[PDB]
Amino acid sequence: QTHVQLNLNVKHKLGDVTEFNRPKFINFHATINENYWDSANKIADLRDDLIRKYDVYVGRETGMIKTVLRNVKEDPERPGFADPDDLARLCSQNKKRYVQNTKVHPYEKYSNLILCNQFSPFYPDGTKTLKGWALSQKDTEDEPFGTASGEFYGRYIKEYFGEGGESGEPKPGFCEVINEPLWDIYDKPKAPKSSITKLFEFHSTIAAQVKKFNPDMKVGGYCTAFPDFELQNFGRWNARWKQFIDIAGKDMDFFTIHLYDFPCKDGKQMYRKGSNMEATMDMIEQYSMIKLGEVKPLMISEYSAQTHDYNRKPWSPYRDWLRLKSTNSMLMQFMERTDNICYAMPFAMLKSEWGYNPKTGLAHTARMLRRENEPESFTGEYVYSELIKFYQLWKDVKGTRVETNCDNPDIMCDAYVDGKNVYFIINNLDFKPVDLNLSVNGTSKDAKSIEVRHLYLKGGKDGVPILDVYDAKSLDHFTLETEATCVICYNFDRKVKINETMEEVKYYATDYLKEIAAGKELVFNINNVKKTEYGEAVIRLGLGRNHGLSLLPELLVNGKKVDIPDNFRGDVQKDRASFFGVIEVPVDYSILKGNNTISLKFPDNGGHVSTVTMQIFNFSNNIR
């Protein structure tokens, strides 16, 4: 059994973040003004049900800007530039439409828009628009590559957006440069395999042009389709994200990636959830520290699962479950880094009827709504898909973060206190049910009530997701289902008193990315660590090694032996080509000091230590 402990009087502080951020986390890939809200739905006022009742935020949109780019006339004075007058005209037409759409204006308080360009025709590779012209491909001193694309983007933002309501749509919170560019440039079938670093320079040019027209706008990149750092023995890291940080890092306000699990690609299960995405995110942060001297805010503008083996099938509840389980796990992991995550958006769109292909009968694979007669036919009014269960599960969750601990790296836990209510969230990374023994410490009173919410799969493969919601007189034990999530809601007679603090600080090494040779000591240094009287600590070993190679180095911390656990967060990565993941190693707090030496010795040759980082948890008093 796994012991899960909730210390509800102990605030968990990370940087200056102490509270659950619903807009940052409980959101989806939509806008308040898409016309799909307003027709063909069983629920008459769908915004009120989805946005208001469930308290769900938006969003991200690429289609409006694409339509303007693809239809704008060319500047007669400057070949390869959008005409400023026609651009203003098209933007004005759209702005007028927004201004007249008064029913959506009260929902602006739920919206912080991520704007982004689709790859084509924004990337200036010669692709022509519907008006028969291509964005300038020049790369001169006065017209660096992407100048015309950048000017288009900057002018679009300036011309279309207003200050809310009758003044126009509020400005975006964040401007991503370009969606999944290296997928199109390098990796897709029949990709041209043009210059990778040219794309990175393009980001600097775009940022400068956007900020010429819109000085306060945050710009980011590179919006990576598949951040797969270990590939080609870390050659992929060295050619891509390393270079992007080196070239454009100083010019970006935020970094942005996409994170998709592959639960079923030609019958293989290749997950990021668990230790793999920890390694990806640690490598971005660690190298940012080395090169830039700071961690850059990270956006995850799309995440969950891509379901290859089900993507030529019609809709099913099971396909939605594949997405749900990835979303819940990834979300917990992003919550653990809330101080350095600026936005994380599960990839679920509202309706995307544009994505329905009448040739094949295939609807879009990530929708909040589906037609009543699906999967048999794409007919009938729209009703919620199973993805609504995510928003049902997370309903109400807010408040001050408090300390949890669970003694199984495959179980993730978190908790938030909102007055009299406490939300205790537990997620399973294991592929079997896990029996939990629950302890709630820090109050003298029993809860007045307990509501259990449990999201799991019934009936195995091709089964259905179930959201069980029930009241419990007590909850000392609970079986969490395979890859399942529960949210346990405790309600107390009076407001819960939070009277202690646990402050988490994450420290980075002076170096990274070291090759492993058998019996050869690798030495890392983590310095200026601040200790208090009482604390705990975790060393985070990012390892990228072929299968068959040891994940159990000899570890010395300040000359003292520290044991490495057999179990780490998530799966052993069997169907992946190699192992890439962070092994989390608890370390006795008394071994640590301000300047620390971490030594690793492996028994075999090959692979790399990608990163060594450390989390310190400092307590206000002797809370253990």
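When you see a residue number, it is the position in the sequence shown, counting from 1.
If you average the C-alpha B-factors over 438 to 446 and over 358 to 366, the higher value belongs to 438 to 446. For the pair 317 to 325 and 448 to 456, the mean B factor over Cα atoms is greater in 448 to 456. If you compare the C-alpha temperature factors of 461, 203, 540, 371 in the entry, 461 comes out highest.
Across the options 591, 51, 582, 65, the residue with the most elevated CA B-factor in the record is 591. Sort the chain's modelled residues by C-alpha temperature factor and residue 190 lands in the highest third, per the entry. The PDB entry assigns residue 37 a C-alpha temperature factor belonging to the middle third of its chain's modelled residues. When the CA B factors of the chain's modelled residues are split into thirds, the value for residue 569 lands in the highest one. For residue 20, the recorded CA temperature factor ranks within the middle third of the chain's modelled residues. Ranked by Cα temperature factor within the chain, residue 343 sits in the lowest third according to the deposited record.
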